[PDB]
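These notes concern the structure reproduced below.
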Ligand SMILES: N[C@@H](Cc1ccccc1)C(=O)O
Ligand SMILES: N[C@@H](Cc1ccccc1)C(=O)O
Ligand SMILES: N[C@@H](Cc1ccccc1)C(=O)O
Ligand SMILES: N[C@@H](Cc1ccccc1)C(=O)O
Ligand SMILES: N[C@@H](Cc1ccccc1)C(=O)O
Ligand SMILES: [K+]
Ligand SMILES: [K+]
Ligand SMILES: [K+]
Ligand SMILES: [K+]
Ligand SMILES: [K+]
Ligand SMILES: [Zn+2]
Ligand SMILES: [Zn+2]
Ligand SMILES: [Zn+2]
Ligand SMILES: [Zn+2]
Ligand SMILES: [Zn+2]
Ligand SMILES: [Zn+2]
Ligand SMILES: [Zn+2]
Ligand SMILES: [Zn+2]
């Protein structure tokens, strides 16, 4: 069952409480004017970062999928994405690059963005995030192939020395996996 | 009283507990293999980000302050700094630029770094961080003047749309405040 | 009276109708599969672009205005902004740069963003947008001074030859207007 | 039947009326000095953006097609193109890159430009625009092959968060489709 | 037997003595205020640069190796590394680029960093450093393949004329060695 | 008394001996084929880094000082310089920028280079290095003024986290000190 | 008396003979096929590099000096220039930047080029070259002022370690010398 | 027989004489204060540019060739190189890029540098220089293959119009010649 | 009220000329034909005149003021007058 | 104590007006209603007033001071007064 | 018309010297040999002279004017003279 | 020796105050408690005092000097005094 | 010739000091020991002296001149003297 707006309202206080406790455990004064509203702002922020849990590919599926009877590679690159490291609960940020060989069905930018949004706004692991976006696109278009590349910087690693260091993950399905030429062209067209 | 290593050990369990609670409140399963150790890793990480509370300028003061009888502007720019927004508990990252007109006393790079580390690793507000570093330097050198400039990106704002948007704050004391020429030169020598 | 959600619902059909009419007047077929939902998507889009009418600085005013007793220049630059040319109804895009000398009161990033959002999401003229933002900040902080700079590209001009051509406007109030040093420092700290 | 100059004159008032209606539906005053002439300027602007309807490849065909008995790849890259999203009626901008293996017949820059102009200045979908340009060139030269690549930014997407995010489409015909070496060389000579 | 903290304490005096001697042999006065503590600071610095001797891949091995059942290429690039030329005892600096085709097992960034740390903080030779990191990763993950690339600048060479000159080494194991396509993709995804 | 070639020959063995001792104290085997000649290569390298001790401005003074009866600012920028931190015996690298208002006497590039070489190739402190170069130029030309700016990265700091962090020092004598316009122009012409 | 075409023909043999001698003194064989024509090619090359002697500002003066009754600053920047070091007979290369406040008389680009050509194609010293160009322009236009900036790299210095090191000289006459505002504007408009 | 230090001393006067002659043949006055020492400085400079004749690969061969039992590609790129065109005796400058597949034996940076130095400091032709360096490396390592690329600008061409025009030469031996994959990788790792 | 401060900017042969602050003599301001206003962003009122400073100086002499000092600051030219 | 120095910044029709240093006459400072303070970073105390310089000049005349010279320096407008 | 304002720029030992505005005394301007003009872009006329300021000051003394104050502002050196 | 020049920088309420050059009256310099020095790079000696300019002005009045003019130039505030 | 203008740059305790223009009194210039010259690029001659302005001011008093005003402009410190 996907998270609901009710769940958020019912859990906000629990989150707020936990954050207020954390403030004390760190040695801070939850009473400072600057910290008074922090437990709620922190809780709200954390709910926003994980709002992908309250959605599913279904809510996006049907909507915008026009048929321009297109059968050649379509690429959408430099899609900003922000996620949360599931091991330290610190965000890892970067870009997502997508490509697919349509089987008549094309995906609208709006839906594409939503798909990336759904899985990245969760406690994640870059490789999982990559595969989920790839599979989601595959199910939404039944394409001849799809490729997803993600490059990101992990704050949990950066704030311990790094800001320049980047992790690159990829998932290639269909012709993107079996045809080295398609894979190459895709990487050429995004690595600009 | 500055935070101590004992405090951390005594509070780690409380922090861990709070994070485990947060995991549940978000809709996640604290039992997943990927989440099992998260409460501790998150707690430790949060203690690292706020380790500046367990220190004071004093611990740095005495140590390295050589007298090269220098009386001209010294600058240390592009000092990376990582802090935590005290309103959302999300990190804001950037660079610190420092300049000062010594009154014979010069500050070692090591100490300078430590000063930035002490105040940035706390729940902060960019303007306060800026003033604290400036005042710390002033008390450690009794200089003719000092200037501090910080430019940063707030993750709490970025992960809501921004990554390019930057906040610039500054604190100018002594000749850096009263002499527009010194202020101009400083801004020229850092804005490279 | 600011625009309301009711107004949008009551007017959506009117907008939709106008666009459908426009489609015909262009020589297109409002019946094509690709154009069927266009009248609504166009109407909704235009409502979004002008959602600034249904808000006022008041809704933002009170909220977040902490007092860190700060009295030195604060700058927020490279704030992306998207607006609509009131003469052609074609969007003009760019960045907004803000600076102010606080009189104890500081402005949160969230509120600042909202201020820029309120005025830019309307049928505008770059100079007016610049002044409104500056005045709004002046009223929300009673600062010693404020400066706003906007640089943008006008699609209505670009799609007639230009994409590189940019318009720069500014509004300087208080010390930002009377003190050439403050103005210079501001323009130095933003033109990076 | 292609749109004619008479159609424009006969429809300008309809367009102007629709826009005047839209202004009201948005909550604006069509009477403001700044909006008085807006219905006509907007209407005129929209006709310009869709002037591609009043033309055909035929009007260009015959004209400039010299025979330098050339039989090696010819490329024209970084061709600016401006079009309109048929779903939201918001423009999407970018560049077009063309390449072809002539079969004796070469195409003049002037004509090439006109071909891109004819299909881009219409309510479009990036993939269709790409194909049409490619097919147009194929019919105008009966070449051994042709390739067309388009990279664009969609304002309808940008003005909802993106300005860096780009969509890349391509159409490869003839040897550009069947010979991986030709395709690679083309992508190499344009991705500069 | 790996070096121990006891070893450092027992050898610090010997190191200090050697440096104090070197100071004299160079023509300097070990008594200058500026040189007084140099023998110890130098000794400590050199112990820091070689602290990788007091560790082994084992200390890292077990810890963080989660199974996301991932089987596609993972890359971590632009990893800053600092080492010492074993021939001149002058540091050579640069970046490390890692890639590997997991056989279900994935390596955490934290552990990866430590692996690079262990071998680079020793008296080294760039090609050995490169192989050691590659072999370490192979043993910790039993992957289908791994690739390591290091580019560095040698201070022992730069301070004799160079700062721009760079040495590039690589170690390709498994599919990274036998499959040119995997190798190419890796080099493509890191050379950005 | 400046260091002499004899001194070097008489001390090489002492240096070598000290380095061989250091190798053992670190936990290494002075016997490894890769370390055998290290004591001598290290010793020689260190003598090279400190060869500035065996020279004096006098050896450069007389030589090349032509009189083009020039009386306008002359600048030589981006002069590479490599030095050694006297606190850790780790090099600090950067660039030196020089400017002077000749009083008829001009300095040849060759001599200028030598002057920077003489003081940078010693155990140093950035500020001292800056003043010595400035004073040396002043003594060799009796100019109306001179300015020296040095920016450098300290390896002793970098290899502890930084590579981007830079220290900027300056010494302004004569009109470079008393005339703000000359100082500004100098900084304008070098900060390119 | 300026050098003449007769002088060159009468002296070419002398130059060639000298170079033939130089080839032998170096240990080379003036007989190698690759060296046979070198004595003349080198002699011809050296005459070209010094052809500035056979000309005077007079030959340029009269020609193109139109009167657009212009009285505001005119700038010509990034003028490539190649000269010869009179101390080593090795070339020093770079750019010339010229500016002048016309007193009704303006200078044609062709003439300007010729003036730079006349003085740079001689055995030179950067400061003289700078002054000669400035004075030549002053005499050709009787302007309110003129400024000349030259930045160059000296091969005689580069081929002894440097390629990045640059020498910057300037000559400011008239208002360019007396009005700091004019001087600043000029440096601003060229340092782009 | 390689040139010797004796040869230089015995020939310096001959060279000086030739240059003094050249000075007259050009129309200059060998007596000018600025030209007085030129014949010797020119002669010395020319001997420096040709000092590669007094050396052989042998003097470098034995020295530093450690066996790290390495068998994978090693690359050293962006090696500055200065040489003299044997046709005009004007220098041509640039960079050398080297790569080799070791057969157990590896080459030290110091020796590599010396090899490039030996052949470039002679009257040369870019292609010969390229081959000599490649062959030298081959003989000093008996590697599986080696590649050398040189890109340079010819002053003799530049100072006749060019500074941006570059000549690229290469020599591929062994696997670098026979295996297109090795060749591609080499060009990929250097063309950064 | 013996002291007076007036000024002009950028160029001296043309106005406007600042002739008073919020607490200036209303009659004198009226006699000079000055207008009052508060520039947006500024926390004070000012009295100005469109005449060139020379004209204002002559008018001020008639009312008994004499120029004691004149100075430049920034791009502002200032006159300090004294009455009795 | 015959000499006095007062100043204002950026604009002349509005305060604050600097009226004294650490060694200024306490009575006079009091008569002017000046406050004392030391701006962070500065190594000296200063007496200021919120009145515009014109007002302070009039008050100073009553205590026997006369403006000898007025000058601009940076964005600071300064007055040098003399008593007896 | 008791007050006068003249000025010169960049250097003081050479003209031109601004000696009047649009409302200056035509006779005095003529006596000084001044020319009138309105620089393109400017909304006002100005009277100038090619003499160095020193010369103009001497001539002005003959007509009864005395220098009351001299000040620099920007790159302009200004003189405030008074007659009677 | 009727003329005197003193100055201070950046701020007027604090010293140092320059009170003399290499050819200044030794007695007067001594009476003021001035120290002499030549800043590295400069080709001239200077007499300075740590007192704020106000203090120096009062002391100078006792020795018979009167301020004739005060002006700013760069970040330097200068006083020209005259004795007899 | 009742008016005189002298100046110095950057620093006041050292010369050179500009004491005249092309039309200055030859005798006075001689009495001051001034040299004449025309800097390359400039369209005018100038009389200068190597003495510091203080020295020149004292010498000028002996010839009957008195400083009327002193001002700064750019990096130039100027004095306006009057004789009779
Ligand atoms: N704007 C003039 C100075 C000036 C300002 C104001 C009034 C009069 C003159 C300059 O730049 O020199
Ligand atoms: N702000 C004014 C200068 C000024 C400062 C103080 C008082 C009056 C005027 C300018 O720059 O023109
Ligand atoms: N520093 C002041 C000017 C000043 C200098 C010296 C003395 C007094 C004031 C400013 O910038 O406005
Ligand atoms: N141009 C002079 C100032 C000045 C202006 C006008 C007349 C005289 C002098 C300087 O910059 O120092
Ligand atoms: N050089 C001084 C200005 C000055 C010029 C001339 C004489 C005295 C002072 C400054 O920059 O503050
Ligand atoms: K004005
Ligand atoms: K004020
Ligand atoms: K002038
Ligand atoms: K002071
Ligand atoms: K001087
Ligand atoms: Zn993590
Ligand atoms: Zn926040
Ligand atoms: Zn428009
Ligand atoms: Zn759309
Ligand atoms: Zn080495
Ligand atoms: Zn150090
Ligand atoms: Zn030379
Ligand atoms: Zn050649």
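By the numbers in Swiss-Prot, the shown part of chain H spans 48-208, 211-241.
If you check the header, you will see the structure was determined by X-ray crystallography, 2.7 Å.
Every residue gets a Cβ built from N, Cα and C, even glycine.
As written in Swiss-Prot, here are the features:
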type	residues	note
BINDING	H:132, H:135, H:203	Zn(2+) binding site
MOD_RES	H:51	phosphoserine
MOD_RES	H:72	phosphoserine
SITE	H:87	site 'Involved in pterin ring binding'
SITE	H:96	site 'Involved in pterin ring binding'
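The Cα of residue H:72 (phosphoserine) lies closest to that of H:135, out of the binding-site residues H:132, H:135, H:203. The two recorded residues, residue H:132 (Zn(2+) binding site) and residue H:96 (site 'Involved in pterin ring binding'), show a Cα separation of 11 Å.
A separation of roughly 23 Å, to the nearest angstrom, links the Cα atoms of residue H:203 (Zn(2+) binding site) and residue H:87 (site 'Involved in pterin ring binding'). Each of the modified residues H:51, H:72 was scored by the number of other CB atoms within 10 Å of its CB, and the largest score is that of H:72. Taking a Cβ cut-off of under 6 Å from any atom of ligand 4, none of the recorded positions H:51, H:72, H:87, H:96, H:132, H:203 qualifies.
Of all the Cβ atoms in the protein chains shown, 23 others lie within 10 Å of the Cβ of residue H:96 (site 'Involved in pterin ring binding'). Under DSSP, residue H:96 (site 'Involved in pterin ring binding') is assigned to a helix (H, G or I) in the three-state scheme. Long-range Cβ neighbours of residue H:87 (site 'Involved in pterin ring binding') (same chain, at least 6 residues apart, Cβ-Cβ under 8 Å): H:59, H:63. Reported as a whole number, the C-alpha separation between residue H:51 (phosphoserine) and residue H:96 (site 'Involved in pterin ring binding') equals 15 Å. Those recorded positions from H:51, H:96, H:132, H:203 lying by chain I, with Cβ under 8 Å from one of its Cβ atoms: none. Taking the Cα atom of each, residue H:96 (site 'Involved in pterin ring binding') and residue H:135 (Zn(2+) binding site) are about 14 angstrom apart. Cβ contacts within 10 Å of residue H:135 (Zn(2+) binding site), excluding its own Cβ and spanning all protein chains shown: 26. Under DSSP, residue H:203 (Zn(2+) binding site) is assigned to a helix (H, G or I) in the three-state scheme. In the three-state DSSP scheme, residue H:51 (phosphoserine) is classed as coil. Under DSSP, residue H:72 (phosphoserine) is assigned to a helix (H, G or I) in the three-state scheme. Checked against ligand 2, the recorded positions H:72, H:132, H:135, H:203 give no residue with a Cβ under 6 Å from it.
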